[PDB]
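Protein chains in written order, with PDB author numbering: chain k, 3 to 304; chain Q, 4 to 303.
Quick reminder that beta carbons are idealized off the backbone N, C-alpha and C, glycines included.
Structure record follows, encoded as structure tokens.
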Amino acid sequence: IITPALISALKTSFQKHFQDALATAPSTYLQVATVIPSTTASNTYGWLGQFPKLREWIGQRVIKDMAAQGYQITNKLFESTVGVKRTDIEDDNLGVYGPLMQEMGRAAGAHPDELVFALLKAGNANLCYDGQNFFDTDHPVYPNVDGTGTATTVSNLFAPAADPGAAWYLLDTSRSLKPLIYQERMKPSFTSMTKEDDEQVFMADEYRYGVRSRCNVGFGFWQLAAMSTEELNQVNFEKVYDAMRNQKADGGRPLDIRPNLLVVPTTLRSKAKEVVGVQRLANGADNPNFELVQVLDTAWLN
Amino acid sequence: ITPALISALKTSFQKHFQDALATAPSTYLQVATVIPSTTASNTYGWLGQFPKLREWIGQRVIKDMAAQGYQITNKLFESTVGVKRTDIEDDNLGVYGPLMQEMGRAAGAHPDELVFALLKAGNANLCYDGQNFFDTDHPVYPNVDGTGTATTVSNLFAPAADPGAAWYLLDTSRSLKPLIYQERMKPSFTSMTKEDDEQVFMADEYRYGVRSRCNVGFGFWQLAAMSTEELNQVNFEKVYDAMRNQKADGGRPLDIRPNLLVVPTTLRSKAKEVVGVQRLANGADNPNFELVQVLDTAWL
């Protein structure tokens, strides 16, 4: 009645279903995130900060003593499972139980994007290495390389006096690191737990199936990312662009920032088109910012 | 000046260093535990789970299950010594060679002052619970079910801002010693002796420093006790009764017998009438010359 052949065939069918569902799932975090695989509990990120530069070597070779502080990514774990109910063995009604595996593949493929974009939206409620919010009006900027003396207040969060509108983000991808980092301790894996001599199977009436994964997402350095709840207009976009591109490191030296793409929800696609991607301005003159940035509309931002 | 001479010198120095570091009078081993680590940080699970056994059968009947974690964040230490400007090629190496065995002895006892640094500053270190180590809200479990209810008591003794010296009562019978000692690499010996080396052309002070990585942490909070009030026979008996009366979940006795006592040198007078006289103190009057004999350390 029960032989290894049938169990193997069903396991292969379920594995094929799940793998097909997951492989074709869209990937979007890679564009605005950096993947850093690891083989431990966490990774230390103390190199984010100062911008490396070149000196004239007037005297001796300067050696940088890196700070001992770390970001403490502290990756996490999470997963989901179902059962089969064993109903198929008797009647072989295998038509059902497909959409469940498809849903698993979709969820596994799409979760990292959801987490990355949720962290991106939560920048106003997450602390960076500076000890303050990611989008804050009092970021630390010292006047000396050693990092001492009175600092200056820099703000990259803009909001009208009241009734703030939709929120749009401006990011950069030219650098090696994207503003957000998506860790990956282990790729998601599925376990075809179905045995006749196992337990909670003979005493229950289910063939449980589960998936496992380990990953987490964290912020990078705020020099690039910018946020603004202002209405997406030419003047506001130009102000944000020129404020971000005019960033100076310690000692008032420009960083040569090159904003690449601007992220808006699917609701503001029309405004993104009007600002960039069309040859008509509001007044009807030729754009001075045509195809300047590559817009990336997404549903994860509503 | 040949490579064979360098090899022989390195072998002799290695033998001298290995001779020490082994017979040093270590005192941390009484209250610390040796643990082989592999990474830069080690997390923890349970923090107050007394391992005990129950009548029921199976191997799955009762257990506490772990809670939020506690990291060590292993630190680093180093020593260094060497004066060979005139020792080498002068037959003066007979000295500068046996004197550093004391350096090895002293360095091998460093975990002692590390654990005592943790011990002295136990009130300024964050505990996994959230409050100070010696707080008055230490959770106690009435039953084994999730987080049912955490009652507490004034665990330790402290008067109304009365002057005194802090003396600690410790136990070491259980291998779950109150402190922890995590080491990543054992002490290592490095030889930079290289003929006509670029940076060691300077006379012949051949650097012979060492490298080590280790740290210490907190284990059980109940295994340790503190007292800043005036040291007296009545107060000593009170402290001993309070510590021995400690009971875990379910009211099952613990049999915890205190073994170690730490006192500053200033309180040494009282710590000597308490221990060492069988006539009037810890003797005729409240005889208590049996347990927790004072050790009277001075690294605090």
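By a beta-carbon distance limit of 8 Å, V265/Q does not contact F160/Q. Their separation comes to about 15 Å. Three or more beta-carbon pairs separated by less than 8 Å are not found between the segment 46-63 of chain k and the segment 184-194 of chain k, which leaves the two stretches without contact. When the beta-carbon positions are compared, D140/Q and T155/Q come within less than 8 Å of each other.
Unbroken alpha helix (DSSP H) runs of no fewer than 4 residues, entirely contained in the segment 212-283 of chain k, are found at 236-247 and 271-277, following chain order.
Of all residues in the segment 17-36 of chain Q, none is placed with a Cβ closer than 8 Å to any Cβ belonging to chain k. Going by DSSP, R187/Q is part of the beta strand (DSSP E) stretching over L182 to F192. Identification of chain k residues near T42/Q by a Cβ-Cβ cut-off of 8 Å yields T42 and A43, ordered along the chain. Flagged as an interface residue toward chain k: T46/Q, by a C-beta distance shorter than 8 Å. Per DSSP, the continuous alpha helix (DSSP H) segment holding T14/Q begins and ends at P6 to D22. Taking C-beta atoms under 8 Å as the contact rule, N285/Q and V277/Q qualify, at a distance of about 5 Å. Here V156/k is bridged, per DSSP, to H141/k. Rounded to whole angstroms, the Cβ separation of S29/Q and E186/Q is 13 Å, and the two are not in contact under 8 Å. By the neighbour-count criterion, in which a residue is buried when 16 or more other Cβ atoms sit within 10 angstroms of its Cβ, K180/Q is buried. Shortest Cα-Cα distance from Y73/Q to any of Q296/Q, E232/Q, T150/Q and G220/Q involves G220/Q.
Shown here for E233/k: same chain residues with a beta carbon closer than 7 Å to its own, the five before and five after excluded, namely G167 in chain order. Partner residues in the beta bridge of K78/k, as assigned by DSSP, are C217/k. Under the 8 Å Cβ criterion, the segment 104-115 of chain k counts as touching the segment 12-29 of chain k, having at least three qualifying pairs.
If you draw a straight line from the Cα of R216/k to the Cα of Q17/k, it is about 20 Å long. Just so you know, the alpha carbons of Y99/k and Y31/k end up roughly 29 Å apart. Boundaries for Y47/k: no alpha helix (DSSP H) harbours it, and the DSSP string shows neither H nor E there. Short of 7 Å from the beta carbon of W302/Q, and not among the five residues preceding or following it, lie these beta carbons of its own chain, in chain order: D115, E116 and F119. The straight-line gap separating the alpha-carbon atoms of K87/k and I4/k is approximately 16 Å. Fewer than three pairs of CB atoms, one per stretch, sit closer than 8 Å, so the segment 200-210 of chain k makes no contact with the segment 124-142 of chain k.
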